[PDB]
Every structure is written in structure tokens, then in C-alpha cells.
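Letters A, B, ... mirror the listed sequences (proteins, then strands); counts begin at 1.
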Amino acid sequence: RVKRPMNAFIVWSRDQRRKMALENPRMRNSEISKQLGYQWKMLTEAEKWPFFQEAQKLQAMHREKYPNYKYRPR
DNA sequence: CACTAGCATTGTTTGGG
DNA sequence: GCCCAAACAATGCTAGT
């Protein structure tokens with residue numbers, strides 16, 4: 001079963017989730033998501049663009065590998 | 001142990017009104 | 001066309017059956 005490709009926030013959140021967890025070892029993971037939300041909204045456009053590029057590469061490789069994939073929720 | 005449903009985030013896409 | 005809700009990507013669990 002073919003999964004969705006990572007958008008830019010997901011791409012950026014992965015390292016940032018681990019680094020928050022190691023520095024705040026008591027927080028629930030659902031509470032790290034909140035902290036990652038505030039931080040992302042704090043990021044300037046100029047800081048987030050490498051992650052949108054990465055998201056694009058990922059959506060592009062997705063269509064290479066799965067040329068007939070289409071998204072079907074529920 | 002196996003479901004699956006939910007909590008949490010943003011961005012993307014879908015599907016209904 | 002507009003609006004909207006909501007699935008679902010990763011990650012890291014929960015809680016119910």
C-alpha cells in the first residue's frame with residue numbers, strides 16, 4: 001500500500017521532534033507536536049525554503065516510482 | 001498479541017455542499 | 001466556481017476490544 005509523500009513541515013519536524021524529545025524527556029510526543037507547531041510558525045520563509053525543495057523532490061520521486069498513484073482517503 | 005481509533009502538529013489533496 | 005471538513009503523511013505513543 002502506497003503512502004503519501006512528506007510535505008515540508010513533516011520533513012522538517014523529524015529531526016526537530018527527536019531533538020526536542022532528548023532535551024525535554026518528560027513531554028508526551030503529542031505535546032512535542034504543539035511545540036513544533038509554534039516553532040515552525042516562527043520560521044521565516046527564507047529559513048523554510050530548503051524543506052519545501054525537499055518536499056518537492058519527494059513528491060517528484062513519488063511520481064517516478066508510482067506513476068499511476070492517486071490519493072484516495074477514507 | 002491483533003486490530004482501530006485517538007491524540008498532536010502542517011501542508012496537500014479530495015470530496016461533498 | 002466558492003466554501004468546507006477531513007484523511008493522512010512521520011513519530012510516538014496511548015486506550016478499547
- Distance (rounded to the nearest 0.5 Å) between A:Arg14 CZ and A:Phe51 CZ: 10.0 Å
- Gap separating the CE atom of A:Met27 from the OG atom of A:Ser33, nearest 0.5 angstrom: 11.0 Å
- Sugar pucker at B:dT9, from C1'-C2'-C3'-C4' (positive north, negative south), flagged north
- Query: Roughly how far apart are A:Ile32 CD1 and A:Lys19 NZ, rounded to 0.5 Å?
  - Reply: 12.0 Å
- Message: Let's see if you get this right: which residues in residues 23-30 of chain A place a heavy atom under 4.0 Å from DNA chain B?
- Response: A:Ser30
- Message: Categorize A:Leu36 for me: base, sugar-phosphate, or nothing, with a 4.0 angstrom heavy-atom threshold over every strand shown.
- Response: nothing
- Message: If the cut-off is 4.0 Å, is A:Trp12 near the phosphate of B:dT9, judged by side-chain N/O to OP1 or OP2?
- Response: no
- Note on the structure: Rounded to whole Å, the CD1-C1' distance (A:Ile32 to C:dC13) equals 10 Å
- Query: Between A:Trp40 and A:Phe52, what is the ring plane arrangement, given parallel below 30°, perpendicular above 60°, and tilted in between?
  - Reply: tilted
- Task: Note down whether C:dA5 puckers north or south, where north is a positive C1'-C2'-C3'-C4' and south a negative one.
- Result: south
- Do A:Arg74 and B:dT14 share a donor-acceptor pair, side chain to base, under 3.5 Å? no
- Same cluster or not: are A:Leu58 and A:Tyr66 linked, directly or through other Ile, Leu, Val, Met, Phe, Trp or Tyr residues, by side-chain heavy atoms under 4.5 angstrom apart? no
- Which way does the sugar of C:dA7 pucker, north or south, judged by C1'-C2'-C3'-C4'? south
- Task: Give one of base, sugar-phosphate or nothing for A:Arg14, where a contact means two heavy atoms less than 4.0 Å apart.
- Result: sugar-phosphate
- Task: Find the distance A:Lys70:NZ to B:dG15:P and express it as a whole number of Å.
- Result: 12 Å
- Query: Hey, which of these two, A:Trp40 or A:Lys34, hits DNA chain B nearer its 5' end, going by closest nucleotide?
  - Reply: A:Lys34
- Taking N and O atoms by type only, does the side chain of A:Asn7 place a donor or acceptor under 3.5 Å from a partner on the base of B:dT12? no
- Message: Is there a continuous path of hydrophobic side-chain contacts, each under 4.5 Å between heavy atoms, that joins A:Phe9 to A:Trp49?
- Response: no
- Interatomic distance where CZ belongs to A:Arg63 and P belongs to B:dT12 [whole Å]: 19 Å
- Ring pucker hemisphere for C:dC8, per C1'-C2'-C3'-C4' torsion: south
- Respond yes when some side-chain nitrogen or oxygen of A:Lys41 is under 4.0 Å from OP1 or OP2 of B:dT10, and no when none is. no
- Item | Gap between atoms NE2 and P, on A:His62 and B:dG11 respectively (whole Å) | 20 Å
- Task: May I have the distance from A:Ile10 (atom CD1) to B:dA8 (atom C1'), rounded to whole angstrom?
- Result: 10 Å
- Among the clusters formed by ILVMFWY side chains lying less than 4.5 Å apart, do A:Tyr71 and A:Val11 turn up in the same one? no
- Task: Could you tell me the separation between the CE atom of A:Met6 and the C1' atom of C:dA9, rounded to a whole number of Å?
- Result: 9 Å
- Message: Do C:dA7 and C:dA6, which sit next to each other in the strand, have six-membered ring centres within less than 5.5 angstrom and planes differing by under 30°?
- Response: yes
- Message: What pucker do you get for C:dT14 when you go by the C1'-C2'-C3'-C4' torsion?
- Response: north
- note: A:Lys48, atom NZ; B:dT12, atom P; distance rounded to Å ~ 11 Å
- Query: Whole-Å distance between B:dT10 P and A:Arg17 CZ?
  - Reply: 11 Å
- Under the side-chain contact (heavy atoms from CB on, under 4.5 Å) criterion, do A:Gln39 and A:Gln16 qualify, and how do the steps go? CA-CA 10 Å; A:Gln39 273 165 227; A:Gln16 269 279 320; 2.6 Å; yes
- Message: In this structure, do the base rings of B:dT9 and B:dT10 stack on each other (centres less than 5.5 Å apart, planes differing by less than 30°)?
- Response: no
